[PDB]
Each structure stands twice: as C-alpha cells, then as structure tokens.
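Have a look at the structure below, then the notes.
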2 protein chains.
Amino acid sequence: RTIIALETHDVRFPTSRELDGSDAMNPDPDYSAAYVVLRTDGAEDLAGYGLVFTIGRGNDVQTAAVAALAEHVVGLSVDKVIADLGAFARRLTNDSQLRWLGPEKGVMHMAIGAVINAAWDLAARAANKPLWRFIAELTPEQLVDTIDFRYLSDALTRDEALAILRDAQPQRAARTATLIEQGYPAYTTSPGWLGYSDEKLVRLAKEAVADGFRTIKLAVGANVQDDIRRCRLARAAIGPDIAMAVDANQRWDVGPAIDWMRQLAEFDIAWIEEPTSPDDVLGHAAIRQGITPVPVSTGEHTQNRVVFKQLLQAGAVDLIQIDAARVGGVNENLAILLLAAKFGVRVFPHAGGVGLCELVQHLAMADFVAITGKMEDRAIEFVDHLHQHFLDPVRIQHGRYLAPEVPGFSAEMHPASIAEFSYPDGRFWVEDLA
Amino acid sequence: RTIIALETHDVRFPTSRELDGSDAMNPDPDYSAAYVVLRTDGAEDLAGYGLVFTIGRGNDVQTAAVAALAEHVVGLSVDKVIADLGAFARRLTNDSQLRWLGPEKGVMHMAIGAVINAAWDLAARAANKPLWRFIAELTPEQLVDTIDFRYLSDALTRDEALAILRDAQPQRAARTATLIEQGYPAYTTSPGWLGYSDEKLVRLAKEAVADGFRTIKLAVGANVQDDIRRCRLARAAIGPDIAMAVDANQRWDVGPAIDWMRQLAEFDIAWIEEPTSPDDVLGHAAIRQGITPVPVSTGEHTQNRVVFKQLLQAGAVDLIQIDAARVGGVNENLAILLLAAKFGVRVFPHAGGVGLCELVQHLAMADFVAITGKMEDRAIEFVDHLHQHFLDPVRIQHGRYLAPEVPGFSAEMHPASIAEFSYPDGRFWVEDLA
Ligand SMILES: C[C@H](O)[C@@H](O)[C@@H](O)[C@H](O)C(=O)O
Ligand SMILES: C[C@H](O)[C@@H](O)[C@@H](O)[C@H](O)C(=O)O
Ligand SMILES: [Mg+2]
Ligand SMILES: [Mg+2]
C-alpha cells in the first residue's frame, strides 16, 4: 500500500461562546484543530489521523503549514513508513529549508509533529493496537531508533536511553495488566476557566470532586484579588484533602510571580503552572527558588526536547507537562519522557485543548509501561469538552483514565463534526458569520 | 490616509545553482523573501515594505502567515500607526490566538515581525528619513514606548532603558556625523560558503581582503578534516592580520563542539558562530567555558528578546548576532540592543540572506548613534548576493557600510525582480520547473 494523499481541514469550535478554556492570557479561545489525514490505497481502516491544537485565529495558517508537507509524504510506501518511524520523522525534521522556519519550534514544527503523529497512528492501526501498547511493546532498540539524539549527548545518550528501557522490560507485562485493571490518575481543569462566574467555579469544583477527581486546577494571573477570592472559594468547596493547582498561563515576570504566589500559598497549592514565559528556563528556576516548596511546572508550550533538557538541567521545575501536538510528534515526546525519567522529574500531561485528552493519554500510558512504572504519583490532565467529536473519546471512571482499546492514536474525528465546524464554510460558521 | 491593503509575495532566488549561502546545516539554500507591502491611499511613496527571509521550501507557508495578518491592519489610519508603533506591534503580538502558534517564535512571529518592520518603513518614509535616523532621532520616551518590557523586569526595566538612552543623547548628533563620514565596519561571509571548492574559497578570500574587508567568515561543521584544510588555506590566503570567523550553523552537540574547535584554534579564530542549537542557552555557555578564550556567538535564529536575555544572563556568548527578520521587528530588536548594551556585549548583526544587509544595517547604525556609541569594536555582516533586486542596495566602501540616505528601511524590491522570481509562476520558475 502507498500513502496517496495528505488531507487537511481547518476545524474550529466556538468554545468562546461560554468561555470554555478561558484563562488570563487567552481570554476567549475557540478550541481548534488543524486536522490531518494520511490516506492510503488500502482498507478504509488503514489511514493515519492527527491534529495540531490551536485556539482560533491562525488555525488556517497552521493548516496550510501541514498541507505544505504533502510532497514529502505522498507516494511513500506504507510498509516503509511504519517500519522506520525514526527515518520518517527525520525526513521532515532534517529538511534544512523547513528547519529555517523554526528550527523545531512554532507553526512549522507543530505541522511536522502532526504528520509524524498521524504516521504513528497509521503504524498502531496496522499493528491492530491502541498507540500506548504499540509504543510500549516495541523493543528498546526499536524505540531508541525513533529518537533524535542530537543536542542531547550531554544529558541522554542512546546507550543511556537503552539502559532505562531495558531496565523496564521485565515488568512491562505486569504493568500493562495493572493499567488495564486500574486506569491512570487524572485531574480536571474544566471547573477553573477564568471567564466563569464564582458561582459556576464552585458548582463545577464540587461536581469535579463528586466525579472522583482528586485534583483540580484553576486559571489565575489577571488580578491577584480575583485569584485570592477564587482560590479561597474553590478550596472551601472541595475541602482540605483535594489537590488544587493553579495556572498563570505565562502572565508574570520573575519578581511579580514570586510575590503573587506568596499571596496564594495559604490555600495549599498543588503546583503553579507556567508562571512565566515558556522560553524562560532561568526565569522558572528563579521563581522556583523563590517560592519553594510550592511546586512549579511548565511544558505545554515547551517547543522541543532541547528546552526540556535545560529545564531539567537548570532545576527550573518540580514537574513538567508534555503535550502531544506542541513538539515533533511521538518521537520527540519519547525523548522528553526519557529525559524526565533519567532526571527523576514527574510528568503531568497537558490536555487542555480539543482532542488533546484523546492523544496524550497514550503517551502517559506508554511511559508507565515501558519507561517509569510510575503513575500514582502523577496525573493526566482532563477537560470536559468536545469529546463527542472523536470516534474514540476518552473514558474517565472515578477520576481515572481508562486505557484505550481500539487501534490507533484516538485522533480520528467524526466526518459530521468536520462538516459542521470546518472554518469558514462549515455549517456552524456560515450561520454564525451571517 | 489609511492602510488599504496588505500585499504579499512568495519570492525565491535560485542561489542553490552555485551553492551561494551553503553551509553544514543548509547545503543548498535558495534565498527567499516572504515579501510584504503595506499599501495606503496616499502618495505612491507612502507605503511600507518588509520581508521574512527563508531559504526555499516553506516560503509559501511563511507568506501565507503574513497574508493572514491583513484583517489586523487593513483599515487602520496611517497617522495612528506611525504615531504609536508600540501600540501597533502589540496589536499583533498581544493577539492571544496568534500567540498560541508561537508564542513569539517561528513562522507566526516572523510574519508579525515583517508587518511591524513594514510599519517602521512606512513611518520613516513619512518622516522623510532613512530608518536608522528615524530611530536614532526619536526621544528616549518615544523609544521605550515601542518596547515590550514583559519578561525583562529582572534584567532591563523601562527606567533602566531610559537611563541608557538619555546618557547617549548629548553625543547623538556628533556620532551621526561620524557615521556619515566614516561608514560602519563590515565583514564578509561570501568567500566561505561550504559548497565552494578550495580554489574558489581562496580566490574569494583574497578578493575580500583586496576589497577592504578586515574580517571574513567560513562555514564549518560537516567534516573536521575539511574544516582544518579550509581554515589553513584561508588563513594562508588572507595573512595573519585579517580576522577569520567560522560558522557551524548549529551542527554540534556540546562535547563535540569543544573538541572540534580545539582542532581549529591554531588558525586564529575570531569567533565560532552557532556551535550548537539556537535554543541551548546552557549548552552555548558550556561550550564557551570549554573553548575560552575562543569567542562564541549566536543570534541569527534566536527567537526573541527573552532568549537573548538568558544568553546574556548565563554568559553564553562573547558577542551576539541580531537579525532584522527573525524577531518581532524593530521593537524587539531595540530591546535586544538595549539588553546587549546594558550587559556590555558586542553586537555583530547577521545579514546572511536576501535583503538582510539592506535591513539590518539600519539597526546597527541606530544603535551606534542612540545606544552604544561603539562601532570600531564590531562589524555588520555582508554577503555579496542579490542586492540588484532592491531599490536602495547597500553600499560598501573599503570594507565599510556607507550610511543609507533615502527614506525607509531599504526593503523595497524592484517590481521586475518580483515578477521574475515569484514562486512558482514567476518567469524564472516557470522556465526552471519546465
Ligand atoms: C487556552 C487553553 O484552554 C489553556 O488555558 C489550557 O491549555 C490550560 O493551559 C491547561 O493547562 O489546561
Ligand atoms: C543559509 C544561510 O546562507 C546561512 O548559512 C547564513 O545566514 C549564515 O549563517 C551567515 O551567518 O551568513
Ligand atoms: Mg496550562
Ligand atoms: Mg551564521
């Protein structure tokens, strides 16, 4: 079989109508997907799906970036692609001309990451396995062959990665059983969007705990008085035993972040996410040093494994987020997970976007099985939005993610959803723009 | 007057035909420009020009990113835009949805930077001044009003920037006279492209020195034996008194970079440019610590002022490059120049791309007049390619840049050049692709 087309769609959801996903930096996001399909001349089931998550404006540019990769993939042998995902990723990441648009950052890199992710979806489907098992069941050699070790020789060599993966082999099967029977811890951010009223915040926080979530997260960062008020209300609503994280979405400078967190510390903060710019490694370390022991995290916007390496080297974080679509696809996230494991830093996957819960759950689960063997000390983010648009929506049971069973990356979306929300000619948008 | 249109063009030059611009990372670049025009309903002279520099593939995506900004600018009052370039820049950089595609990095940020640069071109033209004088003659208050101080409070506050600018006021006029009469030091990289034969390297290096350049730069990084051979040949060709820099274009890891430079040190290296990833602040510092006193530089791919801040804080560089199109336009480069001045780090502007000499010369000259008052200790890069396509090509006299005189950013390109090299329907490409 051959990849005969790279199809792209600019799909946007009107989440801003109710301010779902709203925060201090992004006050009215419209969760969007630069959706891509790697089509083949095989069975209808033999296709790869992926998407870049954006929040509205710019999604057309992001979609255009993905479409520009068609000549790089159309015509390739399916067997050749899935048999060497490392070579496939490099075919895109090593194109020096595309690197100039980055390198390995921004629109062009996320576009590359979406095509790479679609290829892993295609591979998992061909293997008749949900992506987490596809990844976790590859041999240590097959796994490191997909990783780009450039710029990491000082922190993680191929031999060091192999050692970590080989050390985990004996328990892979047992952990797979544990995951399937117990699920993976989750936490929810849906009760904390900044655009919600105090009444809605409290109502949703209570429902979240009622649903079994042992941790919730609130957006903060626009007004300290508002944050103090909201954190007090949420803490009172959930009780003293539920963890409560806060997310500043990059709003603060180093000094202000320290002073701001000093005023929220009394409410028992699980961690402060993105207190400052996602590029400020030294800044996060300075903030962490100033507010310790209040935990600091960052990661959903971290451009690539080189920046993650530095965050770990500089001791800028207590835990990190990883994102399925921000970096160079699965290949890059595997490098990041191995770096986090080697440095002994917990990973709390980011999923605050359409389709992100569906995608990222697989990376966290593969990590548990083949890399760390640790999940009760961490959690996968969850947001209660737009799951109805995916063929294999995530399943949460008593605050825990159930392991996916169907083949693939869970990225495939309902054609009806694409038809209704494609921008700007989709049914909803033609009516809305009118 | 009003901005009535944002016109964009995908222009690509076949520099790969002779491997002009070739290096270890980018072996066959096709110097390209994602050209933009801010058109108004005023005089034909009243327009803003700008461009994002890329090396071929991907330029269509970059052009699309710029075109996507039309709704943000079309309809704006020319007087309102030029009277507050800080507000104009923020209108684009503070669009949270566009920030998600970055933030402040990659394709979307460079697109924003090109539109911002076009606005400064428009402003300088309205003022009937070449951009360097337009910038250097603004009051300290007007200058800081254009700067985004977010994420810089720990290294450069508004008051600190004002102090530096005010300290320079007394000598602004005298330095303007000095620049106009003496020119600004330059160095050339055109003799050192990696794709050239040893014979061509030597021939061009000799011509470069004959033309008055006191410094040349060679691309290195693919094969150490080749680098040793080429550096020996170039050094012998130029003599012991001419400075010779080398550029690895991000090829090495930390350890290898140190070992590689140890083998080139005997040829008297002026500086090693981009020894590793443009995102590795800690890595550049480690390399610098290992090869000192051999100077280390980086900057042409540095995504924004936040990364530059860290490079300075971490002592990762001996000198930095700045680039007119890589960051958020003039506004961001002013912040970077002020950071470099405050930290006492020399700036050697990057210009290895089409139109970059034309653009960046203005930033270096404005810096000399209004910020540092230092130029004999540094130099502006020059490449001997494609200047014929610009209405106001740079002028080099005895190895020094002559100060531009015509109004603007020198970005305007000949319509005939655009017609011939527009991709893929331009005259040259239709014939070439055939
Ligand atoms: C705009 C988005 O909803 C963000 O606020 C979201 O990704 C957030 O950072 C999160 O961690 O869930
Ligand atoms: C592809 C380009 O010619 C680069 O090699 C060029 O920008 C180089 O880095 C330089 O500093 O001139
Ligand atoms: Mg977050
Ligand atoms: Mg360079």
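A few remarks follow.
- Residues that are more than 28 Å from the chain's Cα centre (by Cα) and not in a helix (DSSP H, G or I), drawn from the range B:409-434: B:425, B:433, B:434
- Some residue of the range B:166-177 being touching a residue at least 12 places away in the same chain (Cβ under 8 Å), among the hydrophobic types (A, V, I, L, M, F, W, C) and either in contact with a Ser or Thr (Cβ under 7 Å, 6 or more places away or on another chain) or within 16 Å of ligand 4 (Cβ to nearest atom) (or both): no
- Within the range B:301-317, the residues that satisfy the criterion of being without any contact (Cβ under 8 Å) to a residue 40 or more places away in the chain, in a helix (DSSP H, G or I) and not polar (S, T, N, Q) are B:307, B:308, B:311.
- Residues in the range A:232-250 that are closer than 14 Å to residue A:202 by Cα and either more than 25 Å from the chain's Cα centre (by Cα) or within 16 Å of ligand 4 (Cβ to nearest atom) (or both): A:232, A:233, A:234, A:235, A:236, A:237, A:238, A:239.
- Options A:33, A:89, A:64, A:24; residue that is assigned to a helix (DSSP H, G or I), within 14 Å of chain B (Cβ to nearest Cβ) and either out of contact with any strand residue (DSSP E or B) (no Cβ under 7 Å at 6 or more places or on another chain) or touching a residue at least 60 places away in the same chain (Cβ under 8 Å) (or both): A:64
- Qualifying positions in the range B:366-384 - crowded, with 20+ Cβ neighbours inside 10 Å and closer than 26 Å to residue B:13 by Cβ: B:379, B:380, B:381, B:382, B:383
- Identity of the residue in the range A:36-59, among the hydroxyl-bearing types (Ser, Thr, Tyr) and under 22 Å from the mean Cα position of the chain (by Cα), that ends up farthest from the other protein chains (Cβ to nearest Cβ): A:49
- Search result, residues across the range B:309-330 that are of a type outside the set (A, V, I, L, M, F, W, C) and either more than 10 Å from chain A (Cβ to nearest Cβ) or within 12 Å of ligand 2 (Cβ to nearest atom) (or both): B:315, B:318, B:321, B:323, B:326, B:328, B:329
- One residue stands out among those in the range B:337-351 that are assigned to a helix (DSSP H, G or I) and within 14 Å of another protein chain (Cβ to nearest Cβ): the one that is nearest to ligand 1 (Cβ to nearest atom), which is B:339.
- So residue A:124, is it over 16 Å from the mean Cα position of the chain (by Cα), surrounded by 24 or more Cβ atoms within 10 Å (Cβ to Cβ), small (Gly, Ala, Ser) and more than 14 Å from chain B (Cβ to nearest Cβ): yes
- Being within 15 Å of ligand 4 (Cβ to nearest atom), at the interface with another protein chain (Cβ under 10 Å from one of its Cβ atoms) and out of contact with any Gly (no Cβ under 8 Å at 6 or more places or on another chain) is a property that holds for residue B:301.
- Taking the range A:186-274 and the helices (runs of 4 or more DSSP H) fully enclosed by it, the elements with 2 or more residues that are closer than 22 Å to residue A:357 by Cα and more than 16 Å from ligand 3 (Cβ to nearest atom) are at A:198-210.
- Qualifying position, being over 26 Å from residue A:314 (Cβ atoms) and either away from ligand 4 (no atom under 14 Å from the Cβ) or of a type outside the set (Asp, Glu) (or both), among B:347, B:317, B:306, B:330: B:330
- Condition check for residue A:59: within 16 Å of ligand 3 (Cβ to nearest atom), within 24 Å of residue B:112 (Cα to Cα), in contact (Cβ under 8 Å) with a residue 40 or more places away in the chain and not aromatic (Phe, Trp, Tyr): no
- Put simply, of B:188, B:93 the only residue that is over 16 Å from residue B:331 (Cβ atoms) and buried (at least 23 other Cβ atoms within 10 Å of the Cβ) is B:188.
- One residue from B:296, B:306 being within 14 Å of another protein chain (Cβ to nearest Cβ) and either surrounded by fewer than 24 Cβ atoms within 10 Å (Cβ to Cβ) or on the phi < 0 side of the Ramachandran plot (or both): B:306
Bear in mind that the values in this text are calculations on the coordinates, not laboratory data. Every residue, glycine among them, receives a Cβ derived from its backbone with ideal geometry; neighbour counts consider all protein chains shown.
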